[PDB]
Amino acid sequence: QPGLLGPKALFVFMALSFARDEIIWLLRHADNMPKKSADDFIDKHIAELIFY
Amino acid sequence: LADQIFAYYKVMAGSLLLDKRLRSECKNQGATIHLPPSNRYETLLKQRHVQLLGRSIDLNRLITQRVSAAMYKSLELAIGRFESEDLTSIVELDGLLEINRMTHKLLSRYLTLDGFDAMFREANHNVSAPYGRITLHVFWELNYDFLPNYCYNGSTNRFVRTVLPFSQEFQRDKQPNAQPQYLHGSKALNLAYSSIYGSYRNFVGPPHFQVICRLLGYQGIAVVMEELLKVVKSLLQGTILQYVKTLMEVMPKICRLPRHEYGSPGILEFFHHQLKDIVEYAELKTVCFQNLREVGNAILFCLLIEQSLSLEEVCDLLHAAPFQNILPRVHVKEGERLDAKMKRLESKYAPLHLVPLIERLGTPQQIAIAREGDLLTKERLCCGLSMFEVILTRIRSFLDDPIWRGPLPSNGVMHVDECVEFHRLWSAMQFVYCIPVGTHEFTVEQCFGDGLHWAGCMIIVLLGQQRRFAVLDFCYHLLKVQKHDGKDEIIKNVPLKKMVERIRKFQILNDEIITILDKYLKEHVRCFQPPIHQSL
Amino acid sequence: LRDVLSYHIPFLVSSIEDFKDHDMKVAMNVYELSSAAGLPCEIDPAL
Amino acid sequence: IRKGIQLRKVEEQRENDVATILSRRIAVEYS
Amino acid sequence: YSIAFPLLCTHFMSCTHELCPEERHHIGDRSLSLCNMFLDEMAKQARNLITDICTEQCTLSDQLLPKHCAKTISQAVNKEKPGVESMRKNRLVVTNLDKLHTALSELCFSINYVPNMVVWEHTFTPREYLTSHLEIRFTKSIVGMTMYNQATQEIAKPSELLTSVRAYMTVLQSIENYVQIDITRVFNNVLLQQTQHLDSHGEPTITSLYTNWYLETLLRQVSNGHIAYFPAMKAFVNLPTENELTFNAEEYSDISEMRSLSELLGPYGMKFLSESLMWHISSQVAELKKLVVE
Ligand SMILES: [Cl-]
Ligand SMILES: [Cl-]
Ligand SMILES: [Cl-]
């Protein structure tokens, strides 16, 4: 329902902003923080988040 | 003399075309397929004036009379044998037709017979009729056996027979056995060839589709597609419509997707209760799933037959290429040009350029026939045309009944909690078929194969309901919540972990199918008003 | 080759067979086009 | 097609000939 | 979702500022290089999955060949059947073909997701990476399946090669289900090149490989006395001599085999085969004339 982009415009930019925030956070922490366990700061489903 | 001459040349044909590796393998196994003894019939076949009791007897003419009758009887038997068997036997038919072709060729070295195509068209009843016996038996078997009894496997690209209780059997008039000379030539050859084609009886796939394509031609395919469309129109607007209308009422008026917090076990319990009447509906599989599988198998047949046709056309065009001036790209060494050598190679194959040569040396009648022939050879469907889109577009027009889409949404946008669109009923049906069954029970995929899901997904796509289905589906929601909480309980005898594993499998399948349908089905949108002040 | 073409390109083969069945330097061009479609020729052009 | 089958089963079969006589003698050694 | 990565390359220019133009082109070139690499790798993986499916289907096609029926013939003259693999009991049982099929469809969704993308004013077309790799791979597999070895004088039976080529084509045709590509034109491109003595890249073809083998292996052993033409069988056949032949001549020269060869070589290829046959007759003729003059 592409018409919803009218009334729900804010949610689009909210969603983009929130997801963007999480990606840049993960990026810097994966690169800079020692792991407690092997799966720490590894998100195998990150592509799904970027795709949407 | 005529009897043994025909039998001799049939056995020769059967031997010539018998796989050499199989021959040697049988020899090593101590079961040598014994090669027929050679004979000397030619001098008898060359006798045009036997002088007997003052008469001049044309022995050649007399032999031909009988040999021609034997050829026709062979062809009648081959087609009649097909008519007494299921669709998988068409491969066997094709082999037998090829042996008959070889027989005619061997006999034509000494005798004058009607053209093989003429003989075949007559036996096929395709001289004074537009569709032959082979084409008509194919549709007969599609309608009575293939559509109702076969299960598509999308990973192997093969169809197989359904489970016993769904196997719709019908009595076949098994043909009386004629003499070996009218089949493959001898008992040994008959046994050898029936073993060879035994492999092809347990499935329907690319080889069967390849054969069907050749034997039906463009006209046979067209009529079968047109008739499959009529079967689908009849099923969708008839019994399926009837059961959809029935089940839409039995369906819960409203069904909300419960929030994550309730947990996956509780959500499973919720769906069980809410969809109990769809679950317990006695004829859901025997009638509803059955009729949908038939729709799916019909639409699959069209897709797969188009693909076989495309493979057939491309191969034809490759062999046409040298007589049609068409050359592949050539390798260019340093100091050479692409245009320089391509023109030079065009010179080499100029004596093979058919139409120009006939235009140079042929009669106005020859030229006109060649020009028409050339146009028929180069212009194939694979060149720039496709069919599956047209098939789908036309099935959409069979869904004009108001209960496919339901009433206008309360919110002016879309239905959410309401169960008034087909996709919602499909979601209830999906709930049923995702439920795990006992270890010794047959599953939906064992009984109906992929065709069921092709049909259900096709309806959703053609109604433009696939996005709302993706969002609102019950099973997808359960899977989503279970992924989050990772809980595993046996709710109403349904082990949740096993249930959500199956949901994922059908989700994968649905997404592939929906994506394919959307791809082949290759503007202004509904806009909404911003709030308005009382001022104006 | 002949049997494969007659099955793949019958409309072209038909025209070729007619054209062959109906000079001595000009007749070689008919034969080269014929032998390319697997038609047996009295005189072999490639030879 | 249904009527087309009936016009081949019922419409099917609707002699001191040497060939005929020889055929019958051979046809027994198979059926 | 792999198409997200090349799409992200379009963002790279947003990081630049008018006060540091020194870095702009470096970042630009980085976005192009990465986009190209992502799309190439996505195409290579689809290519790899397709090859694996082809191999699986060639095996299924092989299982249909007459040679496998010998046991059935022999046991009938004394006193795992195709299709069983397709009989699915439960979708939770995951076959190799299931895995390959799913992985292929998932990735083709990404390759077909967008017709093209614009990265730093350059236009990238994902499907064209797939088309190109399929052409090259199909060529590669055809020559591979010919199983040609100079040293041992071995080559595939034409009928078996043709069977495998057909299975490949069936799988490749199915790609049109997933991606807006014309597979017919890749068939054209690859197969018509195979009819020539060398392809567009100057490499040997099935035509040149078979032409060489029939002359240098089969017909040479006829001269050596180990094989004879059998008009009765319409084939060349191994003679019962004291020899060390590694092949059965009838399995390369009978009607079905020669028909299979013609399917693959076509008029171009068969014409080339004959020209090579004629060269060897020329040499024999030149030698005969010498004996006539003598
Ligand atoms: Cl993490
Ligand atoms: Cl007399
Ligand atoms: Cl049969």
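Chain letters run A, B, ... following the sequence lines, proteins first, then strands; residues in each count from 1.
The minimum heavy-atom distance linking E:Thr241 with E:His226 is given by the pair OG1-ND1, 2.8 Å. In plain terms, the two heavy atoms of B:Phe209 and B:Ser308 that are nearest each other are CB-OG, 3.2 Å. The heavy-atom pair separating C:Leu39 from C:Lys20 by the smallest distance is CD2-CD, 3.8 Å.
Looking at B:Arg101 and B:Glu98, a side-chain N of the basic residue comes within less than 4.0 Å of a carboxylate O on the acidic one, giving a salt bridge. Between B:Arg329 and E:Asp199, no side-chain nitrogen of the basic residue sits less than 4.0 Å from a carboxylate oxygen of the acidic one, so the salt-bridge criterion is not met. Between B:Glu42 and B:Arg40 a salt bridge is recorded (basic side-chain N to carboxylate O distance below 4.0 Å). B:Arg371 and B:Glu359 are joined by a salt bridge, as a carboxylate oxygen and a charged side-chain nitrogen come within less than 4.0 angstrom of each other. Using a 4.0 Å cut-off between charged side-chain N and carboxylate O, C:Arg2 and C:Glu17 make a salt bridge. Here E:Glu251 does not pair with B:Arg23 in a salt bridge; the nearest charged N to carboxylate O distance is not below 4.0 Å. In this structure, E:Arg185 pairs ionically with E:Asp182, as a charged nitrogen and a carboxylate oxygen lie closer than 4.0 Å. E:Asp254 and E:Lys234 are not joined by a salt bridge, as no carboxylate oxygen comes within less than 4.0 angstrom of a charged side-chain nitrogen. A salt bridge links B:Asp117 with B:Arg121: the closest approach of a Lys/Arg side-chain nitrogen to an acidic carboxylate oxygen falls below 4.0 angstrom. Between B:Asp3 and B:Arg66 there is no salt bridge, since none of the side-chain N atoms of the basic residue sits less than 4.0 Å from a carboxylate O of the acidic one.
A 4.5 Å side-chain heavy-atom check between E:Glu257 and B:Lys20 finds every atom pair outside the cut-off. At least one side-chain heavy atom of B:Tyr72 sits less than 4.5 Å from a side-chain heavy atom of B:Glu122. Counting heavy atoms from C-beta outward, C:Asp18 and B:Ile369 have side chains that stay 4.5 Å or more apart. Using a 4.5 Å heavy-atom cutoff, the side chains of E:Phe187 and B:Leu311 are in contact.
Side-chain atoms of E:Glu203 and B:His331 form no donor-acceptor pair, as typed in the model, at a separation below 3.5 Å. Checking C:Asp44 against C:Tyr31 by side-chain atom types alone, no donor-acceptor pair falls below 3.5 Å.
Identified under the ring pair (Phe, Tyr, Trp, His ring centres under 6.0 Å) test for residues 259-285 of chain E, with sequence neighbours left out: B:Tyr349-E:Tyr268.
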(message) Is there a side-chain contact (heavy atoms from CB on, under 4.5 Å) between B:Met102 and B:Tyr9? Walk through the geometry before answering.
(response) CA-CA 9 Å; B:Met102 185 57 180; B:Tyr9 286 105; over 6 Å; no
(request) Starting from the C-alpha separation in whole Å, work towards a yes-or-no answer on side-chain hydrogen bond (donor to acceptor under 3.5 Å, both in side chains) for B:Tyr41 and B:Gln4. (result) CA-CA 9 Å; B:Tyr41 289 121; B:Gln4 69 190 261; 2.7 Å; yes
(request) Show your working on side-chain contact (heavy atoms from CB on, under 4.5 Å) between B:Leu357 and C:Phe19 and close with a plain yes or no. (result) CA-CA 10 Å; B:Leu357 193 79; C:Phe19 188 69; 3.8 Å; yes
(request) Might you work through the side-chain hydrogen bond (donor to acceptor under 3.5 Å, both in side chains) test for E:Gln194 and E:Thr205, ending with a clear yes or no? (result) CA-CA 5 Å; E:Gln194 288 305 316; E:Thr205 63; 4.6 Å; no
(request) Run the numbers on E:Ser200 and E:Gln193 for side-chain hydrogen bond (donor to acceptor under 3.5 Å, both in side chains), then give the verdict. (result) CA-CA 7 Å; E:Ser200 59; E:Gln193 278 180 59; 2.7 Å; yes
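The 12-atom threshold is exceeded at CZ of B:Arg214, counting heavy atoms of other residues, nucleotides or ligands nearer than 6.0 Å. Counted within 6.0 Å of CD on B:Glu372, heavy atoms from surrounding residues, nucleotides or ligands total 12 or fewer; the atom is thus considered open.
For the ring pair (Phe, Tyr, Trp, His ring centres under 6.0 Å) test with E:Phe236, the passing option among E:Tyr252, E:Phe230, E:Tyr229, E:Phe247 is E:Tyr229; the others fail.
Of the possible polar contacts, none joining the B:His104 side chain to the B:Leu113 backbone as a donor-acceptor pair under 3.5 Å is found. Remark: side-chain polar atoms of B:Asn60 are paired, donor with acceptor, to backbone N or O of B:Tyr110 under 3.5 angstrom. Between the side chain of E:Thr170 and the backbone N or O of E:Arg166, at least one donor-acceptor pair lies under 3.5 Å.
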